[PDB]
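Two forms of the same protein chain are encoded below as structure tokens; each is given separately, as structure 1 and structure 2.
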Structure 1
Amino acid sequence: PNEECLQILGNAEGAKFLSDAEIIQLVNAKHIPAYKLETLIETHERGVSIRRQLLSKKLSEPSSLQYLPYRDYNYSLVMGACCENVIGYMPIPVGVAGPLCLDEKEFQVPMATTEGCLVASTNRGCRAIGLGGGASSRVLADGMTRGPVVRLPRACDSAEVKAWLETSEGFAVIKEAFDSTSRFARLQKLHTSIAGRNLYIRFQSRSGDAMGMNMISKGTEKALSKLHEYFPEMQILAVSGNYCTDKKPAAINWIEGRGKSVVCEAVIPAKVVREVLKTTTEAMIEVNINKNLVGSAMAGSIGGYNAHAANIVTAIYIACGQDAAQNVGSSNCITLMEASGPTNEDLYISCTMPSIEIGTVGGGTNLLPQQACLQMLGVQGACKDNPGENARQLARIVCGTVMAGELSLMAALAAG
């Protein structure tokens, strides 16, 4: 009825003795507040069921959520960690491009997308590479960043703090405070910029196999606590002052790197360019120069000297539990093509991606389906013997798959 239901709710034995309708009655009349539903209802799926039911009555079409699935999904690894106000899950089709012949190994790359032909095209690119003797890649740099903004009374004071951070002694003190927060914390050279009394400080460090935002933030907050002891008039405006730079386009990531900086390359014989890619080396180069270099230049691109790196980065990231919003900066790529061999008929190809933001532990990689795709690549979880090696390998795979994707689309655009 209503009164009886509240007696049963407050009875230490609880909400599981009420029906869905009785609980909703109690919400509509203002006896139980919308937010408290999380702790009161026992099972996670039943919490989702009720939130959906409440939501449906507020929609102009109450049957809207019919085909949004929710049942029998492991919400235990999601509640309090990955999502709030959960009403179900969104299934994204997963496909496989491979084998990807990279650094003398073969990889079957999972790709989550709803764009027709993207996987097939990426697959034909892998085929060209494989018959061409495989690709090779190198991690050139490694370190996630966080770029807080502090304010001092005057610009002369901000300059003083900058000079202090650049002394051997001052940096060593900040480094100890940063490095004390974690096993993996290992602060690299600080990069700083002034704008008046503003001072942007870019902390960079490895972070084992995790993407590292949480870890770099704990090291950063304690590093600024130490800096405040030497400069007590300094104010910390924001733990992020956009100098990182995270999830926005920025030259600083392209130039300094962020996360993993990777280069990949292959040489495709003329015969493979002809039979797999249906074009010539000469035609490919002409398209690459005038589209990926000259065209991006006329559009005023910073870091966007590629055909569709973002397609590959986004499909792999969604499949592999990465933060897909980091496609903004992680897609940064320059794709170069030149003639190779004795008569300039073989295609040399390289992709350079200075800011791959990636990890195999933490965040979405804690969910089991996301982990199935990480296991396909042999990169799931933390590498105990060699910390960071799995995330490094996953970066290489992304760069190699991007190259495969650049090969195929460019050959398609070359013919017509």
Structure 2
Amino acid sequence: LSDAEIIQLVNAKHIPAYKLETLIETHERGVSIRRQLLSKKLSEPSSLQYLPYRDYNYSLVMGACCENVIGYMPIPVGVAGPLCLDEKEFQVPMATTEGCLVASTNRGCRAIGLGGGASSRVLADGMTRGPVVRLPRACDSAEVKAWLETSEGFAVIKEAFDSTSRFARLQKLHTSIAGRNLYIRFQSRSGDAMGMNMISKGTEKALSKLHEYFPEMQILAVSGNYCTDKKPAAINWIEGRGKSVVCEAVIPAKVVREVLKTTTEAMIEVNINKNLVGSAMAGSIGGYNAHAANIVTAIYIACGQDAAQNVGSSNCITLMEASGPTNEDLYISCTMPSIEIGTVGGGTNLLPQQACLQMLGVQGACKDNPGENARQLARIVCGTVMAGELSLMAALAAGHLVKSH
């Protein structure tokens, strides 16, 4: 009954630490006991003292977001804004430990606001899963590909795929062959969820159905890296993954001068030679921007997104052009083809992250139009990336990078 007694009972080599909660009836106590057990295995027993753990809702975490829990990690949250986007104003929450990130993003928002605001559009929406399957011969895999490309073959596959969820709907298939191997990229809507588990479940049922028509087919892995999830890949850049978005703004010369502390000409010379030529010299696929990843990461951590998806979600091409009467105003656009995001599921099930989603008006399911909350969040991310690009690029043009962060 006491923690000490429980620690002894467990230590009889009888019970693994990860099973503590399913033994006691209070999540926090399981965490407390795991911490005690862990302490005696550390070269510095008192190192956990500064890792917080009390008064946190572990009931929402267990069975959904983390195992073998020992506490939580507080990440400072700052706010940038208002971000004037599509005739609305957003106060953007950003979780980071990088000094100057929030300040810089706030400054970009200020330049956009004084510039009359930004406009964005969602160009596409579809999470993907790319399993790898194999047939006895390439002649066979070629036949399966041809079958999948017929309207009836696709129809059969879509029915099986769509049956696994209320929101997952198969839009298309991109099939690629490597000898007897066949990589099938399933692309589907997923309501307001980022959709990975949903799409994977749909894929699983669709492959089972395909097997009925081709019993010789061997499913090697539900993910054959053709999705592509959490690894850099030209396929995400070119075909899109999740939400594809574009945003733009014109910053008046006076604003570029007073808020950004530079000139339109200087910003354009840096953008072309850094974000286009520089990224090209570095052999980048999708990295034609200054720091989209910083903004994507901060918003993702703050809003319960999958931070590991910053790998592909940060894909962005930032463009700048002289505009206006005397070509002294700055036109800027950011195009992000693969923002993997959601307002339902995963980390968005937790209360603090729901608070940040509420701050933006996109928490949970959009009752009146499924998928609209996720689309709106993707639009906010793209616009905030643009605000960040504006400020960092201005700092680089003026020579202010080092002097601040």
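The first residue in the sequence of structure 1 is number 1, and each one after it adds one. We call the rigid core whatever largest set of C-alpha positions still superposes within 1.5 Å between the two forms.
Of the residues checked (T43, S64, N28, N386), the rigid-core alignment between structure 1 and structure 2 shows a Cα shift of at least 2 Å for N28 alone.
Fit the two forms on the rigid core and the C-alpha of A372 turns out 0.1 Å off between structure 1 and structure 2. On core superposition, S225 has its C-alpha offset by 1.1 angstrom between structure 1 and structure 2.
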